[PDB]
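Data block below; observations after.
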Amino acid sequence: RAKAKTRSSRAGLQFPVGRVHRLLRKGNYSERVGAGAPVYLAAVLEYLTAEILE
DNA sequence: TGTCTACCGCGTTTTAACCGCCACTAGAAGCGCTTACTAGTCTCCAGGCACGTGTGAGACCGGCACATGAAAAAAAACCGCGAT
Ligand SMILES: [Ca+2]
Ligand SMILES: [Ca+2]
Ligand SMILES: [Ca+2]
Ligand SMILES: [Ca+2]
Ligand SMILES: [Ca+2]
Ligand SMILES: [Ca+2]
Ligand SMILES: [Ca+2]
Ligand SMILES: [Ca+2]
Ligand SMILES: [Cl-]
Ligand SMILES: [K+]
Ligand SMILES: [K+]
């Protein structure tokens, strides 16, 4: 077993990719969620958050 | 209430929408095959949570500087009130 890296850290993100993936699966949005989707969405939430906080 | 003209109604001339048709093919959409990718499961462990604690940001207050509104009064101007 390799030592674990957060999906956020591989994406270069502060926002939780894994939490976002989970919220997509459990939110009744579709039957299946691709691996990119929460990465993209997490990034967008970070960008907008950054912009308001700026 | 009074003044000005922008809109409305109308008859005439102009325009191109519409319809029905035909000719051509881009691309919408169906179908079978194959695999990459996701769900699912198990095990493991660290990210993020609830909890606790301090200290400095911010709320509050008094004192003062300063901006600005309104009055009183001084200075312009203007709007008539009726004359050769
Ligand atoms: Ca960003
Ligand atoms: Ca920015
Ligand atoms: Ca096509
Ligand atoms: Ca920790
Ligand atoms: Ca906390
Ligand atoms: Ca101290
Ligand atoms: Ca502090
Ligand atoms: Ca200090
Ligand atoms: Cl994806
Ligand atoms: K839904
Ligand atoms: K495929």
Side-chain angles (χ1 to χ4, degrees):
Chain A
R1 164 158 295 188
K3 184 174 193 64
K5 310 183 192 204
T6 70
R7 285 193 274 172
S8 301
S9 68
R10 308 185 198 276
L13 297 177
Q14 255 53 221
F15 264 53
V17 169
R19 187 178 278 183
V20 163
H21 195 241
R22 189 251 298 168
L23 288 169
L24 289 166
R25 280 191 281 92
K26 309 270 269 271
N28 300 290
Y29 297 110
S30 61
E31 203 196 4
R32 341 180 84 235
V33 183
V39 176
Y40 208 112
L41 176 51
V44 173
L45 302 163
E46 196 170 313
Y47 171 63
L48 297 171
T49 301
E51 191 64 56
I52 290 178
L53 293 166
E54 178 69 30

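Here is the naming used below: chain letters follow the sequence lines, and residue numbers restart at 1 for every chain. Basis for what follows: all heavy atoms, side chains included, without hydrogens, waters or symmetry-related copies.
Between A:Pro16 and A:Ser8, the shortest heavy-atom distance links the atoms CA-OG, 3.5 Å. Between A:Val17 and A:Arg7, the shortest heavy-atom contact is CG1-CB, 3.6 Å.
Annotation: side chain to side chain contact (heavy atoms under 4.5 Å, CB included) contacts of A:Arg32 (sequence neighbours excluded): none. Residues satisfying the side chain to side chain contact (heavy atoms under 4.5 Å, CB included) criterion with A:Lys5, sequence neighbours excluded, are A:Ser9, A:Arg10.
A:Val20 is connected to A:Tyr29 through a chain of hydrophobic side-chain contacts under 4.5 Å among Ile, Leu, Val, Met, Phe, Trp and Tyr, so both are in one cluster.
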Show the atom names and distances, to 0.1 Å, of all donor-acceptor pairs under 3.5 Å that link a side chain in residues 37-54 of chain A to residues at least two apart or in another chain.
from: A:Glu46; atom 1: OE1; to: A:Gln14; atom 2: N; distance (Å): 2.8
from: A:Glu46; atom 1: OE1; to: A:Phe15; atom 2: N; distance (Å): 2.9
from: A:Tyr47; atom 1: OH; to: A:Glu51; atom 2: OE1; distance (Å): 2.9
from: A:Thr49; atom 1: OG1; to: A:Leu45; atom 2: O; distance (Å): 2.7

